[PDB]
Structure formats: C-alpha cells, structure tokens
Amino acid sequence: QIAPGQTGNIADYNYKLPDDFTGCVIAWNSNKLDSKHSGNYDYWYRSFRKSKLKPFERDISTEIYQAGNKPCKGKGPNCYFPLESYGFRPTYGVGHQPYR
Amino acid sequence: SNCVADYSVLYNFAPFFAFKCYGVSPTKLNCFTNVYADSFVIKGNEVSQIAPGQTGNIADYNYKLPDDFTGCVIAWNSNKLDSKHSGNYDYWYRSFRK
Ligand SMILES: *[C@@H]1O[C@H](CO)[C@@H](O)[C@H](O)[C@H]1NC(C)=O
C-alpha cells in the first residue's frame with residue numbers, strides 16, 4: 001500500500017503518496033529488532049477516520065471516533081479510540097511481521 | 001436473496017465493545033459474492049486471538065482465519081444468557097483440537 005494511487009487503511013487513514021509521485025519506497029524486514037515475545041505495542045496505526053487522507057498529511061489527532069448514530073462520549077457505546085496497537089511477535093508470518 | 005445489506009442495524013442493536021476491521025470501518029459502501037457470516041461465543045480473554053495469523057490456544061485449534069481474512073469482526077457482551085452460577089452448555093464450539 002505504500003505506493004502511488006493505492007488504497008487501504010494506511011493509504012486512506014495514516015499515510016498517502018500523491019498520484020504524481022517521484023521517489024523511492026524502501027522496505028526492510030525488521031522482525032529481529034521490533035518484535036517482542038509479549039508483543040511490541042509501541043507501534044499504533046489509525047483504523048478510524050471521517051475522511052481519506054491527502055498526500056503527505058500527518059493526522060496525529062487522538063479524538064474519539066464514533067461509528068454509530070447517537071453522539072457518545074468516552075469509549076465503548078459505538079465510540080472507539082481512533083488508533084489501535086499491533087503486538088508484533090517473532091512467531092508471526094511474513095505478512096504479519098514488522099517492516100521498517 | 002434480493003438483500004441489500006445495511007449495517008446501521010448492527011450499530012443500533014447493542015453497544016459492541018470490540019469492532020476490528022482490515023478493509024474499512026463503514027463496511028457498507030463496499031459488492032461481494034457472499035458475506036459467509038459466522039458466529040460463536042468466546043471468553044473475553046482470547047478476543048485478540050480471533051485475528052488473521054494470530055497464534056493462541058483459542059482459534060488456532062477451533063476456528064482460525066488463515067491470512068488476509070476480511071478483517072471485520074465484532075464482539076458484544078453475552079451476560080444476558082450466561083447467568084447460571086454453575087453454568088450450562090448450548091452455544092459452545094468444539095472445545096479444542098488434538
Ligand atoms: C486541516 O484543517 C482543516 C480545517 O479546515 C481540516 O478539515 C483538515 O482535516 C485538517 N487536516 C489535518 C491533517 O489536520
């Protein structure tokens with residue numbers, strides 16, 4: 001998904017490249033350094049947002065997002081935290097392993 | 001079945017505590033051939049084990065998602081049925097696998 005014109009939860013909500021993009025995307029497999037046996041929860045990604053991102057914008061808001069119809073406060077009545085942790089583990093497969 | 005699927009019923013039904021996804025959160029805009037819905041009841045300690053590629057005692061033997069499962073999964077409180085102090089059984093899946 002780290003490529004011009006792609007869609008998905010990262011291309012849409014965390015990081016987007018412009019369609020007219022010149023540059024290089026270099027991905028390294030980092031399991032040795034980022035994974036923990038209990039899970040590395042220092043890395044968070046945004047799963048909920050109201051709209052798609054524009055090129056090179058950085059949304060660092062932590063305001064609670066609601067997927068439902070009744071405007072709620074706090075967490076759990078259809079109000080969700082916009083970010084979710086991913087516990088990286090040495091035992092995950094190639095597609096679930098961390099990459100830098 | 002001349003069905004158009006609206007997921008406002010699901011947000012209205014109950015205050016779901018867990019709602020994970022791999023596609024998108026609205027999950028209504030999206031067509032697909034089948035929704036192949038599955039349901040079951042789990043202890044609220046292994047909820048994070050119902051995920052693509054996630055190892056654990058739950059799901060790895062009972063119900064697993066192999067990889068790139070459409071992520072959308074949801075979980076809400078079952079206390080209205082679970083009230084017996086000694087327990088019962090009706091909704092249980094295969095306990096574990098050899
Ligand atoms: C930038 O500010 C506008 C306010 O008009 C807002 O709609 C938009 O979401 C903001 N974007 C970011 C990345 O903060």
# chains A, B, ... in the order shown; residues from 1 in each chain; ligands from 1

call {"tool": "interface_residues", "arguments": {"of": "chain B", "to": "chain A", "cutoff": "12 Å", "atoms": "only C-alpha atoms", "output": "mmCIF file with N, CA and C atoms, in the first residue's frame"}}
result
data_model
loop_
_atom_site.group_PDB
_atom_site.id
_atom_site.type_symbol
_atom_site.label_atom_id
_atom_site.label_comp_id
_atom_site.auth_asym_id
_atom_site.auth_seq_id
_atom_site.Cartn_x
_atom_site.Cartn_y
_atom_site.Cartn_z
ATOM 1 N N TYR B 7 -25.711 -1.904 7.605
ATOM 2 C CA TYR B 7 -25.056 -2.196 8.862
ATOM 3 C C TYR B 7 -25.402 -1.177 9.941
ATOM 4 N N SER B 8 -26.391 -0.307 9.694
ATOM 5 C CA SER B 8 -26.884 0.570 10.749
ATOM 6 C C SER B 8 -27.654 -0.232 11.786
ATOM 7 N N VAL B 9 -28.182 -1.390 11.378
ATOM 8 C CA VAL B 9 -28.869 -2.280 12.305
ATOM 9 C C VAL B 9 -27.882 -2.751 13.357
ATOM 10 N N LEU B 10 -26.632 -2.977 12.951
ATOM 11 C CA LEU B 10 -25.645 -3.519 13.867
ATOM 12 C C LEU B 10 -25.165 -2.449 14.838
ATOM 13 N N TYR B 11 -25.066 -1.196 14.398
ATOM 14 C CA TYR B 11 -24.670 -0.148 15.330
ATOM 15 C C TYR B 11 -25.806 0.151 16.299
ATOM 16 N N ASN B 12 -27.048 0.001 15.837
ATOM 17 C CA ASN B 12 -28.232 0.218 16.662
ATOM 18 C C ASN B 12 -28.503 -0.919 17.648
ATOM 19 N N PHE B 13 -28.159 -2.159 17.284
ATOM 20 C CA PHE B 13 -28.523 -3.324 18.092
ATOM 21 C C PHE B 13 -27.964 -3.288 19.514
ATOM 22 N N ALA B 14 -26.663 -3.063 19.683
ATOM 23 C CA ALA B 14 -26.084 -3.131 21.020
ATOM 24 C C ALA B 14 -24.777 -2.345 21.040
ATOM 25 N N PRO B 15 -24.332 -1.881 22.233
ATOM 26 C CA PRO B 15 -23.013 -1.217 22.369
ATOM 27 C C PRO B 15 -21.817 -2.169 22.321
ATOM 28 N N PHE B 16 -21.500 -2.610 21.102
ATOM 29 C CA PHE B 16 -20.431 -3.583 20.876
ATOM 30 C C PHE B 16 -19.113 -3.072 21.445
ATOM 31 N N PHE B 17 -18.447 -3.894 22.273
ATOM 32 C CA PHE B 17 -17.202 -3.408 22.860
ATOM 33 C C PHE B 17 -16.029 -3.562 21.900
ATOM 34 N N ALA B 18 -16.049 -4.577 21.022
ATOM 35 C CA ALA B 18 -14.946 -4.812 20.092
ATOM 36 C C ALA B 18 -15.427 -4.672 18.659
ATOM 37 N N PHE B 19 -14.673 -3.960 17.805
ATOM 38 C CA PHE B 19 -15.019 -3.846 16.355
ATOM 39 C C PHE B 19 -13.730 -3.652 15.536
ATOM 40 N N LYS B 20 -13.113 -4.725 15.047
ATOM 41 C CA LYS B 20 -11.852 -4.767 14.320
ATOM 42 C C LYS B 20 -12.223 -4.859 12.850
ATOM 43 N N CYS B 21 -11.352 -4.354 11.971
ATOM 44 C CA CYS B 21 -11.554 -4.442 10.526
ATOM 45 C C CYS B 21 -10.196 -4.342 9.828
ATOM 46 N N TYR B 22 -10.137 -4.888 8.607
ATOM 47 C CA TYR B 22 -8.975 -4.843 7.717
ATOM 48 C C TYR B 22 -9.283 -4.130 6.409
ATOM 49 N N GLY B 23 -10.558 -3.980 6.066
ATOM 50 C CA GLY B 23 -10.991 -3.234 4.907
ATOM 51 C C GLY B 23 -11.210 -1.810 5.368
ATOM 52 N N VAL B 24 -12.457 -1.389 5.584
ATOM 53 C CA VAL B 24 -12.734 -0.050 6.085
ATOM 54 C C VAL B 24 -13.799 -0.150 7.170
ATOM 55 N N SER B 25 -13.804 0.848 8.057
ATOM 56 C CA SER B 25 -14.801 0.883 9.124
ATOM 57 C C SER B 25 -16.248 1.007 8.652
ATOM 58 N N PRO B 26 -16.605 1.826 7.646
ATOM 59 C CA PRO B 26 -18.036 1.935 7.308
ATOM 60 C C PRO B 26 -18.628 0.612 6.858
ATOM 61 N N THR B 27 -17.899 -0.114 6.003
ATOM 62 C CA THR B 27 -18.175 -1.508 5.628
ATOM 63 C C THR B 27 -19.612 -1.685 5.139
ATOM 64 N N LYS B 28 -20.092 -0.702 4.375
ATOM 65 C CA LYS B 28 -21.402 -0.771 3.737
ATOM 66 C C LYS B 28 -21.284 -0.305 2.290
ATOM 67 N N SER B 48 -8.481 -11.110 21.275
ATOM 68 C CA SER B 48 -7.417 -10.718 20.362
ATOM 69 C C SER B 48 -6.853 -11.900 19.585
ATOM 70 N N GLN B 49 -7.194 -13.138 19.958
ATOM 71 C CA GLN B 49 -6.708 -14.303 19.234
ATOM 72 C C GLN B 49 -7.523 -14.587 17.980
ATOM 73 N N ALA B 51 -7.971 -13.394 14.950
ATOM 74 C CA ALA B 51 -7.336 -12.442 14.051
ATOM 75 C C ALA B 51 -6.527 -13.227 13.031
ATOM 76 N N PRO B 52 -6.325 -12.695 11.823
ATOM 77 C CA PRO B 52 -5.524 -13.430 10.834
ATOM 78 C C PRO B 52 -4.091 -13.624 11.311
ATOM 79 N N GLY B 53 -3.637 -14.875 11.290
ATOM 80 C CA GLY B 53 -2.259 -15.179 11.620
ATOM 81 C C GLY B 53 -1.906 -15.140 13.089
ATOM 82 N N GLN B 54 -2.876 -14.949 13.981
ATOM 83 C CA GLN B 54 -2.598 -14.792 15.403
ATOM 84 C C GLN B 54 -2.603 -16.160 16.078
ATOM 85 N N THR B 55 -1.514 -16.462 16.782
ATOM 86 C CA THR B 55 -1.352 -17.723 17.493
ATOM 87 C C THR B 55 -1.939 -17.646 18.899
ATOM 88 N N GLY B 56 -2.522 -18.756 19.335
ATOM 89 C CA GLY B 56 -3.066 -18.869 20.673
ATOM 90 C C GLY B 56 -3.776 -20.197 20.813
ATOM 91 N N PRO B 66 -7.104 -17.947 8.046
ATOM 92 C CA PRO B 66 -5.740 -18.318 7.604
ATOM 93 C C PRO B 66 -4.772 -17.184 7.304
ATOM 94 N N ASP B 67 -5.172 -16.232 6.468
ATOM 95 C CA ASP B 67 -4.494 -14.962 6.234
ATOM 96 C C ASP B 67 -5.450 -14.126 5.405
ATOM 97 N N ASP B 68 -5.297 -12.809 5.502
ATOM 98 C CA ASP B 68 -5.998 -11.837 4.658
ATOM 99 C C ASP B 68 -7.496 -12.100 4.690
ATOM 100 N N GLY B 71 -11.114 -8.420 7.413
ATOM 101 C CA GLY B 71 -10.825 -8.240 8.825
ATOM 102 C C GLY B 71 -12.034 -8.103 9.716
ATOM 103 N N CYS B 72 -13.053 -7.381 9.247
ATOM 104 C CA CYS B 72 -14.236 -7.054 10.035
ATOM 105 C C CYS B 72 -14.724 -8.196 10.921
ATOM 106 N N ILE B 74 -16.497 -8.536 15.251
ATOM 107 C CA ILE B 74 -17.217 -7.748 16.241
ATOM 108 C C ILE B 74 -17.532 -8.633 17.436
ATOM 109 N N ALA B 75 -17.657 -8.006 18.614
ATOM 110 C CA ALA B 75 -17.895 -8.747 19.852
ATOM 111 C C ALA B 75 -18.625 -7.863 20.854
ATOM 112 N N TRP B 76 -19.732 -8.388 21.412
ATOM 113 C CA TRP B 76 -20.509 -7.715 22.454
ATOM 114 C C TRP B 76 -20.837 -8.654 23.617
ATOM 115 N N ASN B 77 -21.205 -8.040 24.746
ATOM 116 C CA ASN B 77 -21.485 -8.758 25.993
ATOM 117 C C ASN B 77 -22.635 -9.757 25.868
#

call {"tool": "select_by_dssp", "arguments": {"residues": "region 13-96 of chain B", "states": "strand (DSSP E)", "output": "ChimeraX atom specification"}}
result
/B:18-20,73-75

call {"tool": "residues_near_ligand", "arguments": {"ligand": "ligand 1", "cutoff": "9 Å", "atoms": "only C-alpha atoms and all ligand atoms", "output": "count of residues only"}}
result
10

call {"tool": "select_by_dssp", "arguments": {"residues": "chain B", "states": "helix (DSSP H, G or I)", "output": "ChimeraX atom specification"}}
result
/B:8-13,47-49

call {"tool": "residues_around", "arguments": {"residues": "residue 37 (chain B)", "least_positions_apart": "2", "cutoff": "12 Å", "atoms": "only C-alpha atoms", "output": "CSV table (one decimal) with N, CA, C and O atoms, in the first residue's frame"}}
result
chain,number,residue,atom,x,y,z
B,34,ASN,N,-20.5,-13.2,-1.4
B,34,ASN,CA,-21.1,-13.7,-0.2
B,34,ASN,C,-20.5,-13.1,1.1
B,34,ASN,O,-19.3,-12.6,1.0
B,35,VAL,N,-21.3,-13.0,2.1
B,35,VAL,CA,-20.8,-12.5,3.4
B,35,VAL,C,-20.3,-13.6,4.3
B,35,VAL,O,-19.5,-13.3,5.2
B,39,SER,N,-20.7,-17.1,13.6
B,39,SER,CA,-20.8,-16.5,14.9
B,39,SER,C,-20.5,-17.6,15.9
B,39,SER,O,-20.5,-18.8,15.6
B,40,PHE,N,-20.1,-17.2,17.1
B,40,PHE,CA,-19.8,-18.1,18.2
B,40,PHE,C,-19.6,-17.2,19.4
B,40,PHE,O,-19.6,-16.0,19.4
B,70,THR,N,-11.2,-11.1,5.4
B,70,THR,CA,-11.7,-9.7,5.5
B,70,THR,C,-11.8,-9.5,7.0
B,70,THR,O,-12.6,-10.1,7.7
B,72,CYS,N,-13.1,-7.4,9.2
B,72,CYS,CA,-14.2,-7.1,10.0
B,72,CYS,C,-14.7,-8.2,10.9
B,72,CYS,O,-15.2,-9.2,10.4
B,73,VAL,N,-14.7,-7.9,12.2
B,73,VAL,CA,-15.1,-8.8,13.3
B,73,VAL,C,-15.6,-8.0,14.4
B,73,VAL,O,-15.1,-6.8,14.6
B,74,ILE,N,-16.5,-8.5,15.3
B,74,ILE,CA,-17.2,-7.7,16.2
B,74,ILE,C,-17.5,-8.6,17.4
B,74,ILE,O,-17.7,-9.8,17.3

call {"tool": "closest_residue", "arguments": {"among": "B:57, B:83, B:95, B:62", "to": "residue 45 (chain B)", "atoms": "only C-alpha atoms"}}
result
B:57

call {"tool": "closest_residue", "arguments": {"among": "A:65, A:99, A:86, A:15", "to": "residue 31 (chain A)", "atoms": "only C-alpha atoms"}}
result
A:99

call {"tool": "atom_distance", "arguments": {"atom1": "CA of residue 91 (chain B)", "atom2": "CA of residue 41 (chain B)"}}
result
6.6 Å

call {"tool": "closest_residue", "arguments": {"among": "A:83, A:64, A:72, A:2", "to": "residue 100 (chain A)", "atoms": "only C-alpha atoms"}}
result
A:2

call {"tool": "residues_around", "arguments": {"residues": "residue 94 (chain B)", "least_positions_apart": "2", "cutoff": "10 Å", "atoms": "only C-alpha atoms", "output": "list in words"}}
result
residues 61, 62, 63, 92, 96 and 97 of chain B

call {"tool": "write_last_selection", "arguments": {"atoms": "N, CA, C and O atoms", "output": "PDB file, in the first residue's frame"}}
result
ATOM      1  N   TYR B  61      -6.882 -23.924  17.198  1.00  0.00           N
ATOM      2  CA  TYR B  61      -7.470 -25.256  17.165  1.00  0.00           C
ATOM      3  C   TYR B  61      -8.940 -25.239  16.781  1.00  0.00           C
ATOM      4  O   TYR B  61      -9.401 -26.154  16.091  1.00  0.00           O
ATOM      5  N   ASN B  62      -9.692 -24.228  17.219  1.00  0.00           N
ATOM      6  CA  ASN B  62     -11.125 -24.204  16.950  1.00  0.00           C
ATOM      7  C   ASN B  62     -11.485 -23.574  15.605  1.00  0.00           C
ATOM      8  O   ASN B  62     -11.733 -24.297  14.637  1.00  0.00           O
ATOM      9  N   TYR B  63     -11.592 -22.244  15.548  1.00  0.00           N
ATOM     10  CA  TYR B  63     -11.889 -21.511  14.320  1.00  0.00           C
ATOM     11  C   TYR B  63     -10.756 -20.522  14.053  1.00  0.00           C
ATOM     12  O   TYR B  63     -10.599 -19.561  14.811  1.00  0.00           O
ATOM     13  N   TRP B  92     -21.595 -23.647  22.729  1.00  0.00           N
ATOM     14  CA  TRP B  92     -20.176 -23.966  22.691  1.00  0.00           C
ATOM     15  C   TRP B  92     -19.746 -24.648  21.400  1.00  0.00           C
ATOM     16  O   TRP B  92     -20.425 -25.535  20.874  1.00  0.00           O
ATOM     17  N   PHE B  96     -11.420 -27.984  21.892  1.00  0.00           N
ATOM     18  CA  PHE B  96     -10.064 -27.813  21.377  1.00  0.00           C
ATOM     19  C   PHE B  96      -9.812 -28.955  20.397  1.00  0.00           C
ATOM     20  O   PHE B  96     -10.691 -29.788  20.157  1.00  0.00           O
ATOM     21  N   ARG B  97      -8.608 -28.985  19.822  1.00  0.00           N
ATOM     22  CA  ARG B  97      -8.235 -29.985  18.830  1.00  0.00           C
ATOM     23  C   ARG B  97      -6.935 -30.655  19.259  1.00  0.00           C
ATOM     24  O   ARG B  97      -6.091 -30.043  19.919  1.00  0.00           O
TER      25      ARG B  97
END

call {"tool": "residues_around", "arguments": {"residues": "residue 55 (chain A)", "least_positions_apart": "3", "cutoff": "6 Å", "atoms": "only C-alpha atoms", "output": "VMD selection string"}}
result
chain A and resid 16 to 18

call {"tool": "write_last_selection", "arguments": {"atoms": "N, CA, C and O atoms", "output": "short mmCIF file (atom, residue, chain, number, x, y, z; two decimals), in the first residue's frame"}}
result
data_model
loop_
_atom_site.label_atom_id
_atom_site.label_comp_id
_atom_site.auth_asym_id
_atom_site.auth_seq_id
_atom_site.Cartn_x
_atom_site.Cartn_y
_atom_site.Cartn_z
N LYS A 16 -0.34 8.67 2.84
CA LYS A 16 -0.66 8.59 1.42
C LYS A 16 0.37 9.34 0.60
O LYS A 16 0.79 10.44 0.95
N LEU A 17 0.78 8.71 -0.52
CA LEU A 17 1.66 9.31 -1.51
C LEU A 17 0.83 9.93 -2.62
O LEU A 17 -0.26 9.43 -2.95
N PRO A 18 1.26 11.02 -3.25
CA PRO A 18 0.47 11.60 -4.34
C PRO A 18 0.49 10.70 -5.56
O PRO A 18 1.37 9.85 -5.73
#

call {"tool": "atom_distance", "arguments": {"atom1": "CA of residue 47 (chain B)", "atom2": "CA of residue 81 (chain B)"}}
result
18.5 Å

call {"tool": "residues_around", "arguments": {"residues": "residue 98 (chain A)", "least_positions_apart": "5", "cutoff": "8 Å", "atoms": "only C-alpha atoms", "output": "number ranges by chain"}}
result
A: 29-31, 34-35, 88
